Trainee: 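Below is one structure. I have some questions about it.
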Amino acid sequence: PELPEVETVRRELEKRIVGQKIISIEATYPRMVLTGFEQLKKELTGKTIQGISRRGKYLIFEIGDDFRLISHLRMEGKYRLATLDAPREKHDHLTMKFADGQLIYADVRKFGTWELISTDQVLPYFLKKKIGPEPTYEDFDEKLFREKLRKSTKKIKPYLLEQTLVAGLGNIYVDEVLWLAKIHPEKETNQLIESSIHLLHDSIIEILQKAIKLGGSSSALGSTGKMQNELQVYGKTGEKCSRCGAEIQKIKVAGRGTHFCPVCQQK
DNA sequence: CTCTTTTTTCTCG
DNA sequence: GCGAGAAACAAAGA
Ligand SMILES: [Zn+2]
C-alpha cells in the first residue's frame, strides 16, 4: 500500500468507526504491536475512537483523549470490517471488537506494525522517522525540493523512495511519476534541470491526488480502487507506451523492479 | 528440490 | 554517511 491506498482506507474508517467504543481487543500475533500488546489491550479497551489521520503511508487512529495508534500496512497489510461472528481467516492477526462489528487486521507476510503512543509524541515520532512533506501544493515546496536534488548524486528513483524529499511514493507510483515526467529512474538528481524538476514536482502531486480520487489501485477496506486501470507503466512490461508506442521495459534499480519507456525516459 | 518475485531498516566494507 | 545486499515472512510460479 502506498499513500493513495492508505488514504482510501483512512477515509473509509473515518466514515465507519469514529464514535465507536472499543469493547475488546484480541490478537493471534501479538508481536506486531511494537509497544507491547498486553499494554495496548489494557490502555485502549473501553475507549472510543475519535478520528483517523494519516502521515505519509502511516495510519493514525485517534483513540480516547490522548492515545494515538500508529499503524503501518507495509507490503500486504489489509483491514476489514466484519460481523462479530465472522470466521477467522488464516492471516488475521489482530481485531478491535465493537458493539456491532469488528475491525480485523490481516497481513500475509507479517511486516505490518502497530505502535501506541501519546498525542504529544506524534510529531516527534515522525520527525525521528525523517518523513518528508505531504504531496500537496501547500506542503510540498518546490524550492527546497530543487535544492536537495541539486546537491545530490543519488539516482532519482531510489531517492524518491526514501520518503525524505516527499512522503507517500512507493514502487508503483514512483514508476508512474517518472514516466509522466519523462525522467529515467537511474538519472542522478544533480543532472535534472529546473524545468524537469518542476514537471516532476507537479507530476508527483497530480498522480497521487488522482490516485486518491480514484480510491487507489486495488469485505476489505480500500478494494474499490480504479487507479489500476490508469497505470501507464507499472507491471506493463512488454506493452506499448501510450505516448510513443515503444515497448515498456523492466529493469532492476537499487534492488527494486522498475518499469519505464526507453523513448520517453531517456537515460 | 532451487531460484525469483512482491515497505522499512539494518549490516557490511 | 553511502551503496549493495538482505532480513522480517509467506505464497506462487518458472
Ligand atoms: Zn514512450
Side-chain angles (χ1 to χ4, degrees), chain A residues 1-10 27-35 37 54-60 69-79 89-94 104-115 117 125-132 134-135 148-178 185-191 204 208 211 216-218 220-223 225 227-228 231 233-239 248-260:
Chain A
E2 292 171 54
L3 187 149
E5 293 66 42
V6 180
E7 173 63 17
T8 302
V9 169
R10 187 202 72 77
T28 50
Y29 194 59
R31 286 193 285 133
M32 66 165 281
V33 180
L34 305 187
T35 48
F37 174 70
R54 175 189 62 62
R55 182 68 175 97
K57 299 171 193 169
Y58 292 78
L59 270 180
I60 305 166
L69 179 51
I70 304 298
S71 166
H72 198 293
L73 298 293
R74 292 296 186 101
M75 293 293 278
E76 300 297 325
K78 295 180 177 61
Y79 278 107
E89 299 194 328
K90 188 178 187 183
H91 301 298
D92 293 347
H93 304 309
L94 307 170
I104 302 168
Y105 180 75
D107 191 330
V108 175
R109 305 181 73 185
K110 293 179 169 69
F111 293 165
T113 62
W114 266 24
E115 280 169 296
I117 66 175
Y125 176 92
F126 289 112
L127 288 173
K128 186 175 178 180
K129 292 297 185 188
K130 294 182 177 179
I131 305 305
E134 288 296 311
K148 286 187 169 182
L149 296 173
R150 288 178 172 173
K151 318 163 75 290
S152 177
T153 62
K154 293 180 179 182
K155 295 174 181 171
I156 186 63
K157 172 162 178 176
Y159 203 173
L160 284 172
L161 287 175
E162 278 179 32
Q163 305 302 110
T164 57
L165 294 171
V166 60
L169 295 168
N171 207 43
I172 298 181
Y173 297 113
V174 69
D175 275 6
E176 292 296 313
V177 165
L178 293 177
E186 294 177 302
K187 183 70 167 180
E188 300 194 319
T189 71
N190 62 43
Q191 296 182 184
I204 289 170
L208 294 181
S217 302
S218 304
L221 308 179
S223 298
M227 185 62 191
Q228 69 280 180
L231 302 178
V233 291
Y234 184 76
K236 301 298 180 183
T237 311
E239 278 167 271
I248 300 303
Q249 306 290 172
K250 175 176 181 180
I251 59 172
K252 277 191 147 296
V253 176
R256 301 301 292 281
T258 307
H259 311 70
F260 73 103

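Computed from heavy atoms alone, side chains included, the values below leave out hydrogens, waters and symmetry copies. Chain letters run A, B, ... following the sequence lines, proteins first and then strands; every chain starts at 1.
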Trainee: Yes or no on side-chain contact (heavy atoms from CB on, under 4.5 Å) for A/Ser217 and A/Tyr234, after CA distance, side-chain angles and deciding distance?
Mentor: CA-CA 11 Å; A/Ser217 302; A/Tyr234 184 76; over 6 Å; no
Trainee: Can you tell me how far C1' in B/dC1 sits from the matching atom in C/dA8, rounded to whole Å?
Mentor: 24 Å
Trainee: Within the structure, does a side-chain N or O atom of A/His91 lie under 4.0 Å from either OP1 or OP2 of C/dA11?
Mentor: yes
Trainee: At what distance, to the nearest 0.5 angstrom, does CG of A/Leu34 lie from CD1 of A/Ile70?
Mentor: 11.5 Å
Trainee: What is the distance from CZ of A/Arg109 to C1' of C/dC9, rounded to the nearest Å?
Mentor: 6 Å
Trainee: Considering only the P atoms, how many Å lie between B/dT4 and C/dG5, rounded to the nearest integer?
Mentor: 13 Å
Trainee: Identify whether any heavy atom of A/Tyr234 sits under 4.0 Å from a base atom; if not, whether one sits that close to sugar-phosphate; answer base, sugar-phosphate or nothing.
Mentor: sugar-phosphate
Trainee: Contact class for A/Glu2 vs. all strands (heavy atom < 4.0 Å): base, sugar-phosphate, or nothing?
Mentor: sugar-phosphate
Trainee: Roughly, in whole Å, what's the span from CZ in A/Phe111 to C1' in C/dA10?
Mentor: 8 Å
Trainee: List the atom pairs, donor and acceptor, that lie under 3.5 Å between side-chain atoms in residues 161-172 of chain A and the rest of the protein, sequence neighbours left out.
Mentor:
residue	atom	partner	partner atom	Å
A/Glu162	OE1	A/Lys154	NZ	3.0
A/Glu162	OE2	A/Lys154	NZ	2.8
A/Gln163	OE1	A/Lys57	NZ	3.4
A/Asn171	OD1	A/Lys157	NZ	2.6
A/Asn171	ND2	A/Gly257	O	2.8

Trainee: What does A/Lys155 touch in the nucleic acid at a heavy-atom separation under 4.0 angstrom: a base, only the sugar-phosphate, or nothing?
Mentor: nothing
Trainee: Going 5' to 3' along DNA chain B, which nucleotides are the first and last within contact of chain A (any atom under 4.0 Å from a heavy atom)?
Mentor: B/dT5 to B/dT9
Trainee: From A/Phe37 CZ over to A/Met32 CE, what is the distance, rounded to the nearest 0.5 angstrom?
Mentor: 10.5 Å
Trainee: Just call it for A/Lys250: base, sugar-phosphate, or nothing, with non-hydrogen atoms closer than 4.0 Å on any strand.
Mentor: sugar-phosphate
Trainee: Remember a base hit wins even if backbone is also touched, and classify A/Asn171 as base, sugar-phosphate or nothing at under 4.0 Å, heavy atoms.
Mentor: sugar-phosphate
Trainee: Between A/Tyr79 and A/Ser71, is there a side-chain donor-acceptor contact under 3.5 Å, judged purely by atom types and distance?
Mentor: yes
Trainee: Which part of the nucleic acid, if any, lies within contact of A/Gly257, taking any heavy atom under 4.0 Å across all strands shown: a base, the sugar-phosphate backbone alone, or nothing?
Mentor: sugar-phosphate
Trainee: Should the ring pair A/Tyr58 and A/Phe126 be called parallel, tilted or perpendicular, given that the plane angle runs from 0 to 90° and is split at 30 and 60?
Mentor: perpendicular
Trainee: Grab the NZ-P distance between A/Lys252 and C/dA4 for me, whole Å please.
Mentor: 12 Å
Trainee: Indicate, with a heavy-atom threshold strictly under 4.0 Å, whether A/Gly112 touches base, sugar-phosphate, or nothing.
Mentor: nothing
Trainee: Is A/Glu76 salt-bridged to A/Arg74, cutoff N-O under 4.0 Å?
Mentor: no
Trainee: Could you state the atom-to-atom distance from CD of A/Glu162 to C1' of C/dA4 in whole Å?
Mentor: 14 Å
Trainee: Taking atom P in both B/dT11 and C/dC9, what distance in whole Å separates the two?
Mentor: 16 Å
